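All heavy atoms count here, side chains included; hydrogens, waters and symmetry mates do not. Just so we're on the same page: letters track the sequence lines, and every chain starts at 1.
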2 protein chains.
Amino acid sequence: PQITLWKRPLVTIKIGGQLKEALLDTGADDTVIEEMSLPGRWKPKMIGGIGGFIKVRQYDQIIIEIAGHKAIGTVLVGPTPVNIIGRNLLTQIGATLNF
Amino acid sequence: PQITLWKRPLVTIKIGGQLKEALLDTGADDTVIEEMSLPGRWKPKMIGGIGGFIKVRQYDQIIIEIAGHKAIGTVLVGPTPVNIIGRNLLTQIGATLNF
Ligand SMILES: COc1ccc(S(=O)(=O)N(CC(C)C)C[C@@H](O)[C@H](Cc2ccccc2)NC(=O)O[C@H]2C[C@@H](C)O[C@H]2[C@@H]2CCCO2)cc1
Ligand SMILES: [Cl-]
Ligand SMILES: [Cl-]
Ligand SMILES: [Cl-]
Ligand SMILES: [Cl-]
Ligand code: NA
Ligand code: NA
């Protein structure tokens with residue numbers, strides 16, 4: 001698809017058996033999901049941006065379905081104000097910025 | 001251009017005759033630049049990032065070139081870590097997300 005940017009680029013994702021809405025975010029290095037349980041090992045991480053840093057749990061090798069496209073990678077879980085699909089997973093679905 | 005996301009989508013911008021680096025950010029509603037001098041009056045704005053809210057200065061109708069494309073629109077100035085081109089200016093340069 002072609003997604004214009006008049007509004008936030010929100011899509012449906014499936015992660016950990018749950019449907020969520022998430023923002024396709026080219027400015028995010030990382031994928032960050034609101035609090036939820038995921039299987040397997042995790043380790044703590046700090047991520048920062050506007051307003052400072054938050055602590056998250058880092059889960060590696062997590063499968064997400066993003067607008068119908070399956071990907072696998074690291075997913076961070078913590079008190080993000082919105083679910084964010086960052087570049088680590090946008091690359092895997094072949095997303096590009098065009099102008 | 002078609003910009004892939006394996007690296008950060010950094011471009012050169014020109015604002016007030018100055019070249020700067022900035023991030024093309026589909027997750028940003030607005031454009032936010034590091035402290036600099038802009039002409040005219042400013043209005044107050046609070047923006048919310050990963051870490052919380054910050055105060056910025058909102059300057060309207062500012063001339064800005066983004067990767068060679070002309071834009072004229074709102075620029076927020078404040079303590080952002082990186083210069084961010086958000087959707088208010090990405091729409092002016094015709095940017096879309098594609099996969
Ligand atoms: C209203 O206009 C706004 C409001 C907010 C922002 S923003 O906070 O920058 N933000 C909104 C988003 C968190 C929902 C845009 C993000 O793309 C934002 C842009 C940015 C900010 C500061 C330094 C570098 C890059 N990315 C961002 O915060 O990314 C961090 C969080 C996590 C997802 O990944 C992190 C890493 C390190 C920084 C880059 O990627 C921009 C404009
Ligand atoms: Cl919107
Ligand atoms: Cl990854
Ligand atoms: Cl590619
Ligand atoms: Cl905001
Ligand atoms: Na894992
Ligand atoms: Na102005």
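Both the backbone and the side chain of B/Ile93 have a heavy atom closer than 4.5 Å to some heavy atom of chain A. Neither the backbone nor the side chain of A/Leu10 comes within less than 4.5 Å of any heavy atom in chain B. Proximity to chain B is limited to the side chain of A/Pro81, based on heavy atoms less than 4.5 angstrom apart. For a residue to count as touching a neighbouring chain, one of its non-hydrogen atoms must lie under 4.5 Å from one of that chain's; by this rule A/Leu23 touches chain B with the side chain only. Only the side chain of B/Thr91 comes within contact range of chain A, with heavy atoms under 4.5 Å apart. At a 4.5 Å heavy-atom cutoff, the contact between B/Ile84 and chain A is made by side-chain atoms alone.
Counting non-hydrogen atoms of other residues, nucleotides and ligands closer than 6.0 Å to NZ of A/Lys20 gives a total above 12. With a 6.0 Å radius and a threshold of 12 heavy atoms from other residues, nucleotides or ligands, A/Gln61 has its CD atom at or below the threshold. Within a 6.0 Å sphere centred on CD1 of B/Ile63, other residues, nucleotides and ligands contribute 12 heavy atoms or fewer. The number of heavy atoms from other shown groups lying within 6.0 Å of CZ (A/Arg8) does not exceed 12.
The candidate from A/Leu90, A/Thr80, A/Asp29 with the greatest count of non-hydrogen atom pairs under 4.5 Å with chain B is A/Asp29. Ranked by non-hydrogen atom pairs under 4.5 Å with chain A, the options B/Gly49, B/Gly48, B/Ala28 are led by B/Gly49. Taking chain A as the reference chain and counting heavy-atom pairs below 4.5 Å, the highest number among B/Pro79, B/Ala95, B/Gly86, B/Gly78 is found for B/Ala95.
In the hydrophobic clustering of ILVMFWY residues, with side-chain heavy atoms under 4.5 Å counting as a link, A/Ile3 and A/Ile13 come out together. Linking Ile, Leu, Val, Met, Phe, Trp and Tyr whenever their side-chain heavy atoms come within less than 4.5 Å puts B/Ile85 and B/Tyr59 in one cluster. When hydrophobic clusters are built by joining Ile, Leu, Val, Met, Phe, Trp and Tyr residues whose side-chain heavy atoms come closer than 4.5 Å, directly or via intermediates, A/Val82 is not grouped with A/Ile15. Taking hydrophobic clusters as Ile, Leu, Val, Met, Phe, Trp and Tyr residues chained together by side-chain heavy-atom distances below 4.5 Å, B/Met36 shares a cluster with B/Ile62. A/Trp42 and A/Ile54 fall into different hydrophobic clusters, defined by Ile, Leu, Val, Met, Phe, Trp and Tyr side-chain heavy atoms under 4.5 Å apart, directly or through other members.
Note that CG of A/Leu24 is 6.0 Å distant from CZ of B/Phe99, once rounded to the nearest 0.5 Å. To the nearest 0.5 Å, atom CG of residue B/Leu5 and atom CG of residue A/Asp25 are 10.0 Å apart.
In terms of heavy atoms, A/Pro9 sits closest to B/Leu97 at CB-CD1, 4.1 Å.
In this structure, B/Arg87 contributes its side chain and A/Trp6 its backbone to a donor-acceptor pair below 3.5 Å.
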